[PDB]
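Engineer: Here it is, the structure, as structure tokens.
As a convention, Cβ positions derive from the backbone with ideal geometry for all residues, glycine included, and neighbour counts pool all protein chains shown. Only the coordinates and a few stated rules stand behind these numbers; no lab work does.
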Amino acid sequence: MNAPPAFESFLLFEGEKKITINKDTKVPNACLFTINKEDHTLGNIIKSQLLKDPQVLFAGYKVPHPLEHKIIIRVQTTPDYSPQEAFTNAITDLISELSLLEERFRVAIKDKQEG
Amino acid sequence: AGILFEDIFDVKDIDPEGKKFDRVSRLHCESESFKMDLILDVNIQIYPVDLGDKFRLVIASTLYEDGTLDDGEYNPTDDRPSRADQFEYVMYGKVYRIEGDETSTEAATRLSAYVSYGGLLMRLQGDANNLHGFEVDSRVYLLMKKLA
Amino acid sequence: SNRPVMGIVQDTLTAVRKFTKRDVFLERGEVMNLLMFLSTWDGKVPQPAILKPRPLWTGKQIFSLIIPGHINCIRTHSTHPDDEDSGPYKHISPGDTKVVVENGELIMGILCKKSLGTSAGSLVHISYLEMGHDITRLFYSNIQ
Amino acid sequence: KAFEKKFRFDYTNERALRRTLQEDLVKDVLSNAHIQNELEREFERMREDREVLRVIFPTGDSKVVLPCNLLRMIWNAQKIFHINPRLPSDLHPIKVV
């Protein structure tokens, strides 16, 4: 009766924004990113990539409730560097790694079959 | 400076009562030229220690080699001051008790400073003259380095 | 009976003991996560206990951030023997019993039913009597 | 004997005085007589309260239920004001009384 439809976990409805940017006023150079209709599949990669950056002092994510689909990411970086730049660089590096991985897997398939 | 204490120790026991914890062992060291007993808990997985070892112990109120304090806030992107990175094992604690050998009238001749490194305790007995740098609730670093 | 009527129940309670053992050393990323789940957190990551050869925090070092205000308390673990309080090592406690909280920091000890439970004078009772309902509520939620 | 030793405030030995109370206060304590009379009257009141307690509580049970936790308040005061226990203090026992 009160069952939400299955597509509500990945479909943005009328009005919902994918990502909203808010600042953190407790500590300087901190920022919070709220992502709607996402889960650990993206949160974990983005966090682990942010931690590789030597100019990132804090990088975490959490899902506030398992029944409500929303991801919150918090990143604080050293001065003369902004968390938005850290986030964008992280996404770019992830895309580059995945593209290289796909290329190498395709060549490995080609070597394995008929070779 | 900021170095409250500095001496070379020798390990006499690792667990006189028994292996209480999997990854933590309690050294029972004795000094040399100071006659100061030590009881220190050391993470042995990260920093293995066995019997008969000699290490140089330094207890300093700051790590920055100039005098300024650290405020206790962690920051790894601060290699500029060139902290005391000549040691192998470093811990960070807070002295929580200074027992003594006082009485009603006579003053103390032997002290005993306890420091808690976030769970891993330490007691450092000895004479009351070279143990004067310790005041309770004060943050303290510990630095170890095994001598070959 | 002038005791706290609610306390930690059996699953945070079976796990806070394991968290507060001496052996628990936490990596940088694990500390990041756990602090991400703290609602009453200032925003400053404390200095690790073990600083070399690899930065490691400790379970007590994070339960200290959970504990509110400046609460002073002394409890006793449920496996504390009858000789530690008498013989030597009174304040050294080889088995890590004799919980001590000074200035809102878990200096030593293992937390169990006798510290976070629904008994008189427990840590939660002291937190209530000292800080109020509005802070004890956050205490419960953050612990869990 | 234990009660007297623990609650008497010997003002005669004067070495414990120099060790525990400050120098400007120990001279005042050793010079005044009204201070000494008040300090003796305090112990008299404590002895009478001890007898009243022993009448109220036979079978010697110390455990009791009271509204203010004085020992924990004292601990909080010590930690709040950064009191160092190894040094003589500036608290006048007459001010305490």
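Engineer: Is it true that B:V90 is buried (at least 20 other Cβ atoms within 10 Å of the Cβ) and closer than 29 Å to D:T20 by Cβ? Please lay out each step first, then the result.
Structural biologist: On the way: buried (at least 20 other Cβ atoms within 10 Å of the Cβ): yes; closer than 29 Å to D:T20 by Cβ: no.
No; evaluated as a whole, the condition is false for this residue.
Engineer: Do you know which residues across the range B:67-112 are more than 10 Å from every other protein chain (Cβ to nearest Cβ) and not small (G, A, S)?
Structural biologist: Matches in the range B:67-112: B:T68, B:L69, B:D79, B:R80, B:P81, B:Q86, B:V95, B:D101, B:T109, B:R110.
Engineer: Now a separate question. It is to be established whether one or more residues within the range B:56-66 are within 14 Å of chain D (Cβ to nearest Cβ) and not in a loop (DSSP other than H, G, I, E, B). I'd like the intermediate steps shown before the answer.
Structural biologist: Within the range B:56-66, the subset within 14 Å of chain D (Cβ to nearest Cβ) is none.
The answer is no; no qualifying residue exists.
Engineer: When you scan the range C:72-90, how many residues do you find that are surrounded by 12 or more Cβ atoms within 10 Å (Cβ to Cβ), assigned to a loop (DSSP other than H, G, I, E, B) and β-branched (V, I, T)?
Structural biologist: Within the range C:72-90, residues that are surrounded by 12 or more Cβ atoms within 10 Å (Cβ to Cβ), assigned to a loop (DSSP other than H, G, I, E, B) and β-branched (V, I, T) number 1.
Engineer: Starting from the range B:113-135, take each residue that is in contact (Cβ under 8 Å) with a residue 24 or more places away in the chain and away from every other protein chain (no Cβ under 11 Å) and list its partners that are assigned to a loop (DSSP other than H, G, I, E, B) and of a type in the set (K, R), counting only C-beta distances under 9 angstrom and pairs at least six apart or across chains.
Structural biologist: Matching pairs, first to second residue: B:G126/B:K35; B:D127/B:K35.
Engineer: Output the residues belonging to the range B:14-30 that are farther than 15 Å from B:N43 by Cα and part of a strand (DSSP E or B).
Structural biologist: Restricting attention to the range B:14-30, the residues satisfying the condition of being farther than 15 Å from B:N43 by Cα are B:16-18, B:29-30.
The answer is B:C29, B:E30.
Engineer: A follow-up question, please. Restricting attention to the range C:4-23, and to residues there that are surrounded by fewer than 18 Cβ atoms within 10 Å (Cβ to Cβ) and among the β-branched types (V, I, T), which single residue is farthest from the chain's Cα centre (by Cα)?
Structural biologist: The selected residue is C:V5.
Engineer: Moving on to the next point. Give the residues of the range D:7-28 that are surrounded by 16 or more Cβ atoms within 10 Å (Cβ to Cβ) and more than 16 Å from B:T105 (Cβ to Cβ), sorted by residue number.
Structural biologist: D:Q22, D:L25
Engineer: Oh, and also: Search the range B:31-54 for residues being at the interface with chain C (Cβ under 9 Å from one of its Cβ atoms) and part of a loop (DSSP other than H, G, I, E, B), and hand back the single one that is surrounded by the fewest Cβ atoms within 10 Å (Cβ to Cβ).
Structural biologist: Only one residue tops the list, namely B:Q45.
Engineer: Something else: Which number in (1) outside any loop (DSSP other than H, G, I, E, B); (2) under 16 Å from the mean Cα position of the chain (by Cα) marks the one condition that D:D24 misses?
Structural biologist: Against the list (1) outside any loop (DSSP other than H, G, I, E, B); (2) under 16 Å from the mean Cα position of the chain (by Cα), D:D24 comes up short only on (2).
Engineer: Another one. Can you name the number of the only condition in (1) touching a residue at least 40 places away in the same chain (Cβ under 8 Å); (2) in contact with a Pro (Cβ under 6 Å, 6 or more places away or on another chain) that C:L106 fails?
Structural biologist: Only one criterion in (1) touching a residue at least 40 places away in the same chain (Cβ under 8 Å); (2) in contact with a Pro (Cβ under 6 Å, 6 or more places away or on another chain) is unmet by C:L106, namely (2).
Engineer: Return yes or no: is A:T25 of a type in the set (S, T, Y) and not in a helix (DSSP H, G or I)? Don't jump to the end; show me each part of the working.
Structural biologist: Values: of a type in the set (S, T, Y): yes; not in a helix (DSSP H, G or I): yes.
So A:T25 fits the description; yes.
Engineer: Cβ contacts < 7 Å: first residue more than 8 Å from every other protein chain (Cβ to nearest Cβ), restricted to the range C:46-74; second residue of a type in the set (S, T, N, Q) and assigned to a loop (DSSP other than H, G, I, E, B), any location; separation 6+ or different chain. Result?
Structural biologist: Close Cβ pairs (under 7 Å, with a partner that is of a type in the set (S, T, N, Q) and assigned to a loop (DSSP other than H, G, I, E, B)) amount to C:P68/C:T40.
Engineer: Would you please list the contacts, defined by Cβ atoms under 8 Å and residues six or more apart or on different chains, that run from a residue in the range D:9-31 that is more than 9 Å from chain B (Cβ to nearest Cβ) to a residue that is of a type in the set (D, E)?
Structural biologist: Listed by first residue and then by second, the contacts come to D:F9/D:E42; D:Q22/D:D90; D:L25/D:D90; D:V26/D:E14; D:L30/D:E14.
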